[PDB]
Amino acid sequence: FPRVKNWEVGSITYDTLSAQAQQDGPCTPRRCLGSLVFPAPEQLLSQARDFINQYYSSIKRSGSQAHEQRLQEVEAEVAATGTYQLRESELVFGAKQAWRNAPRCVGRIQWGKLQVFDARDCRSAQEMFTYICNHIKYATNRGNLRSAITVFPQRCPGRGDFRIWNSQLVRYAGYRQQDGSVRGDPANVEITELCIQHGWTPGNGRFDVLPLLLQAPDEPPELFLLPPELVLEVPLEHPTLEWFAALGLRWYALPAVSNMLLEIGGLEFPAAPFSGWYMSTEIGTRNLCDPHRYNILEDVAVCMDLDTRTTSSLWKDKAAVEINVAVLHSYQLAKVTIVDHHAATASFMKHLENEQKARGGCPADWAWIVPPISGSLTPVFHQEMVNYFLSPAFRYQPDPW
Amino acid sequence: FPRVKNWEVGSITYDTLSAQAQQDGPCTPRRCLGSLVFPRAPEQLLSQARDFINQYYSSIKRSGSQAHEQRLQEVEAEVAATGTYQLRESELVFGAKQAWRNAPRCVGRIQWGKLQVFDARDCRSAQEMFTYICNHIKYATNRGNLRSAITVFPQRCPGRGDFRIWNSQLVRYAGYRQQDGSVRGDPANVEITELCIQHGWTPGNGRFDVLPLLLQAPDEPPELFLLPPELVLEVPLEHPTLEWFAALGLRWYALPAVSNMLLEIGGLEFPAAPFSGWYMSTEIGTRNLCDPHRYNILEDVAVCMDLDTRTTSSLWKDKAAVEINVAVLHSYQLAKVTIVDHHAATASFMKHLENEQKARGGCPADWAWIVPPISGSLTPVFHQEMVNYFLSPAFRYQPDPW
Ligand code: HEM
Ligand code: HEM
Ligand SMILES: Cc1cc(CCNCc2ccc3ccc(N)nc3c2)ccc1C#N
Ligand SMILES: Cc1cc(CCNCc2ccc3ccc(N)nc3c2)ccc1C#N
Ligand SMILES: C[C@H](O)[C@H](O)[C@H]1CNc2nc(N)[nH]c(=O)c2N1
Ligand SMILES: C[C@H](O)[C@H](O)[C@H]1CNc2nc(N)[nH]c(=O)c2N1
Ligand SMILES: [Cl-]
Ligand SMILES: [Cl-]
Ligand SMILES: [Gd]
Ligand SMILES: [Gd]
Ligand SMILES: [Zn+2]
């Protein structure tokens, strides 16, 4: 049982939860690989038992016989079909645990408050699209963002998956120029190509919302364009730097990740788009200032009349902060939900304490919990953490193509 | 071998050096403890020693030569006769440089071959330690043009106490616990402070009082020695455009000289082996002055800068912090004392990575310690995947001798 210290406070806890870690991460006693981005009925049954037992203990009915009724019910269903169906209550619970268990999520204070949309009855790409449009509409909620997940049918043998080819529901195009550069978002060059390949007539803005590439089982994907009324965006302005608006920067309201696979009691849902709301550093530091994303830092520093020929002026730092100020200011002015890295990490600290009392620990990935600016100015910097894999879980998955 | 990717560039390497790791860290396939601050006869001494000698003869490209074979046989014989052995001077020099080279948490390793090694293994008294230490400080400081150095005191040996320096660094500021529960001076140095007093030091009452040294010779209590004022170079802190900043009366010292780690070379242990480089401004700017459990000046500066400190989303914290970093860098450049900002340091570390990949097929690195405590993703190391592991020769933590 690892001993975990907070070095700001000197306080000590013990992670007993990590003893129950489902699968194995990439580390060994010889070498730590924690900085890496990517780490049969009997096998299915075993995972299924564990989930069901989990669920009943969470509702104070372990040793009950609704428990044992459910237990043997699943045993019979897989015995007869090779898979099994989750009760809707079990799907909600599994969806919340999987969020709750995601080591790299700082927003997890909210894990018990999630809206789950059951789309397991989905049959077509058009249906998929309509489910997605309802999701986007519900979660956005005119700027008062609400956490939501939509769950499409589970993978099953002898049938293709439901997949959402886009990495997010809202993505900006990344147009490759022949000079090798990218207009728009470099992150989305691959999918901007694939959208075009599947017939999308490309735009040429720095912020063209992509079409959706949705794929029903065993059929090729189909292009669907989002009703621009559904896609809430925020023009970016700065509270006191009047020229900032003219840079023409914008970003969207809804972080709706669409390419991770959801696992629940051995069952795998390859298409289960979820969304929350943004931490400002995601937009302001990573998306706008990463060298391989929009990379706007020097543009802004030049506008701020900062000396950019030496690094000890900290021109890079001063401009990143102001870009983050503009993100925060613009979202608030537009009444769109957003949280700053200080507020968010303070909340995660509270979450650690709640989880320590709730489950005797909390899997956390330090490198992702600590914000990409002002890291040590936030409390999580000083908090030792233990990283491990529980189930249910959100996992990465290979590309559908 | 671990595939390792840089996400800024897309480039990919493999760390084959990590397979040479022969001492275990805290992680398992079930749970990673990478973020923990403390990640922790004759035949294994010999396999440790043989490996080290092999390292040395490889380094001068005379592997398998008669001299290599001869030195192996010599060490084996000395171990057989005495239970230990002594490094040749040349081996010690290389050993110390290799320990620096092997430290996963040092972002300054581009410099690792430029290290001045003072050999103090003939040292016999605490008084003599002090002499060796003053000469260290003199050489390293070099009137503000800093030079990396290490002074190696005698090795651990059976039936004789260790040489120890009780202070964590050669230069430290006193931290006096106000009965308030608070602290005047530097809170990180409260225990060494009260020990200095308990051992006879007449204390001060300022925030930047330089601590005396408690030096320990074998089997003898620690002895108290005062640093000569003229030996301790300090920089007054001022801001290039914030003139009121100077009125905060802040200062730091020039020389970061860590004195409480254990140097380990080919099985031998050197409990006392102080080393020094030069500061990265974030250590002073962000950590030392803005950690809530250190000088904790962030809020006072933000108020002075007239920022809205009643709401996080104004980012008053980030703003005051950046300016404090600017002030440190400015002050040091003004005083003409070497210092490196975190942008330059990390870029040079990227260059170190590329050298090491070529030279050794890997480089042990602790991502959480290599990324600066501000502006992390603004620096290139943020996007570089890293493999953390323990090579020897090594610098190690060791228990406080009290
Ligand atoms: C409600 C407010 C939320 C906030 C403020 C928040 C914040 C964050 C942030 C900043 C990250 C780092 C992502 C990155 O750096 O790319 C993250 C990661 C993550 N989040 Fe949360 N999140 C929220 C809600 C959710 C929800 C509703 C789910 C799932 C149901 C979720 C699941 C995850 C997962 C699985 C990751 C890992 C990132 C990855 O592997 O790509 N989060 N979150
Ligand atoms: C010459 C300029 C140097 C720079 C800019 C530099 C930079 C740094 C920094 C910023 C840290 C992290 C400190 C912390 O956060 O507490 C560090 C750690 C470390 N450095 Fe360097 N360093 C330099 C020279 C040296 C030298 C000369 C040695 C030894 C010969 C050394 C050995 C180490 C070791 C062993 C650590 C691990 C820290 C620990 O575990 O407490 N460095 N270095
Ligand atoms: C390019 C890439 C990025 C990543 C992390 C992205 N994580 C996004 C994400 C996921 C979930 C989120 C939930 C809430 C939120 N505010 N942001 C959230 C952001 C992993 C792998 C690759 C690859 N290849
Ligand atoms: C309080 C604490 C702190 C630490 C990190 C200290 N790192 C110092 C250090 C070591 C070598 C350095 C080399 C150069 C430089 N500029 N700073 C350097 C700073 C570890 C354990 C504990 C404990 N307990
Ligand atoms: C190389 C490094 O592991 C990688 O860039 C990680 C580090 N921490 C991160 N943390 C968050 N929140 N998001 C990220 O994309 C990353 N990237
Ligand atoms: C808990 C956490 O690992 C701890 O505060 C570490 C993080 N990384 C660090 N990295 C450096 N360079 N210096 C530090 O003091 C720390 N502190
Ligand atoms: Cl994003
Ligand atoms: Cl220091
Ligand atoms: Gd101008
Ligand atoms: Gd001024
Ligand atoms: Zn690890």
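In what follows, chains are A, B, ... by sequence order, proteins preceding strands, each numbered from 1. Just so you know, ligand 1 is whichever comes first in the structure, and atom 1 is the first atom listed for that ligand. Only this structure's heavy atoms are used, side chains among them; waters, hydrogens and symmetry mates stay out.
In this structure, the protein non-hydrogen atom closest to atom 13 (C) of ligand 4 is B:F275 CE1, 4.2 Å. In terms of protein heavy-atom proximity, atom 9 (C) of ligand 4 is nearest to B:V258 CG2, 3.6 Å. Regarding atom 1 (C) of ligand 4, its nearest protein heavy-atom neighbour is A:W7 CZ3, 4.6 Å. In this structure, atom 21 (C) of ligand 4 lies nearest to the protein heavy atom B:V37 CG1, 3.8 Å.
Only the backbone of B:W278 comes within 4.0 Å of ligand 4, judged by heavy-atom distances. Counting heavy atoms closer than 4.0 Å to ligand 6, residue B:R287 contributes side-chain atoms (C-beta onward) but none from N, CA, C or O.
A salt bridge links A:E322 with B:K319; the closest basic N to acidic carboxylate O contact falls under 4.0 Å. The pair B:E264-B:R396 does not count as a salt bridge, with every side-chain nitrogen at least 4.0 angstrom from each carboxylate oxygen.
Scanning B:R105, B:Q111, B:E283 for the heavy atom closest to atom 19 (C) of ligand 4 points to B:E283. Between atom 5 (O) of ligand 6 and the options A:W7, B:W369, A:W366, A:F381, the minimum heavy-atom separation is to A:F381. Here the shortest heavy-atom distance to atom 8 (N) of ligand 6, taken over B:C106, B:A368, A:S376, B:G34, belongs to B:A368.
For A:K350, the NZ atom is densely surrounded, since the number of other residues' heavy atoms within 6.0 Å is greater than 12.
Rounded to the nearest 0.5 Å, atoms NE2 (B:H343) and OG (A:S313) are 8.0 Å apart. With values rounded to the nearest 0.5 angstrom, B:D119 atom CG is found 10.5 Å from B:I150 atom CD1.
Under the 4.0 angstrom criterion, atom 15 (C) of ligand 4 counts as having a protein heavy-atom contact. Less than 4.0 angstrom separates atom 5 (C) of ligand 4 from at least one non-hydrogen atom of the protein.
Geometrically, B:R207 does not engage B:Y173 in a cation-pi contact defined by less than 6.0 Å to the ring centre and at most 45° from the axis.
For ligand 6 and B:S35, the ligand atoms under 4.0 Å from any heavy atom of the residue are 1 (C), 2 (C), 3 (O). Of all atoms in ligand 4, listed by their number and element, those nearer than 4.0 Å to a heavy atom of B:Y397 are 20 (C).
Ring-plane geometry between B:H239 and B:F245 is classed as tilted, the angle between the planes lying from 30 to 60 degrees on a 0 to 90 degree scale.
Of the N and O atoms on the side chains of A:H341 and B:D318, at least one donor lies less than 3.5 Å from an acceptor on the other residue.
Exactly one of B:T151, B:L170, B:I133 qualifies for a side chain to side chain contact (heavy atoms under 4.5 Å, CB included) with B:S259. That residue is B:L170.
Proximity of B:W369 to ligand 4 is established by a heavy-atom distance of less than 4.0 Å.
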